[PDB]
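Only one chain comes next, encoded as structure tokens, the form deposited without the partner chain.
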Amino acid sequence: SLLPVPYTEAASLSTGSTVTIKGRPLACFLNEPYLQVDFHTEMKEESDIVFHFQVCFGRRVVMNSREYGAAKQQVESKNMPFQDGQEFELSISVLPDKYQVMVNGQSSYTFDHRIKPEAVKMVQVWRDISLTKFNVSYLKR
């Protein structure tokens, strides 16, 4: 719908930052659409990824980092707060020690920092969703 997908925005993150995303899966859960959010160290898409978050709707969530070109230790969750056929609101907050992912207001996943959030230069949101809102907060010193 409204925003282009794949969606790319330059971004800066530190403790207290929040990334808020509103969107809808492009297919029913039976067909297993995906959602992916990547926090990149450069504007180039092949750059390293401080935080990789990939939803297989209805099935599982996988999180990882890509450091010097190489995927690291994948963590997997079967927690699935997303609802079939529904619009979702996803917020990723940068806490001192981790990212916290809220889905529709509910804390759903966390991921300890492997690289300082200050290394992030770009956020990409892609795979099988439409996007109506993307926001990064910039109020903190």
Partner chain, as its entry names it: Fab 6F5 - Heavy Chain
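Positions refer to the first chain, counted from 1.
Colleague: If you average the CA temperature factors over each stretch, which comes out higher, 65 to 73 or 25 to 33?
Modeller: It is 65 to 73.
Colleague: Averaging the C-alpha B factors as listed in the entry, name the stretch that ends up higher: 123 to 131 or 9 to 17.
Modeller: It is 9 to 17 that shows the higher mean C-alpha B-factor.
Colleague: If you compare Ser107, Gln54, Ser47, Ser91, which has the highest Cα B-factor in the entry?
Modeller: That would be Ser91.
Colleague: Sorting the chain's CA B-factors, does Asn79 end up in the lowest, middle or highest third?
Modeller: Highest third - that is where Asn79 ends up once the chain's C-alpha B-factors are sorted.
Colleague: Lowest, middle or highest third of the chain for the C-alpha temperature factor of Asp97?
Modeller: Middle third, going by the recorded CA B-factors of the chain.
Colleague: Sorting the chain's CA B-factors, does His40 end up in the lowest, middle or highest third?
Modeller: Ranked within chain, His40 CA B lands in the lowest tercile.
Here the subject shifts to the form deposited with the partner chain bound, a form of this protein not shown in this document.
Colleague: Is it the case that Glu42, even though its partner is missing from this view, gets within 4.5 Å of the partner chain in the bound PDB entry, heavy atoms only?
Modeller: Within the cut-off, so yes.
Colleague: Is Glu87 part of the interface with the partner chain in the bound PDB entry - any heavy atom within 4.5 Å?
Modeller: Although the partner chain is absent here, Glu87 would stay clear of it in the bound PDB entry, with no heavy atoms inside 4.5 Å.
Colleague: Can you list, in sequence order, the residues from 88 to 126 that come within 4.5 Å of the partner chain in the bound PDB entry, counting heavy atoms only?
Modeller: Heavy-atom contacts to the partner chain in the bound PDB entry: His113, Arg114, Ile115, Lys116, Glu118, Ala119.
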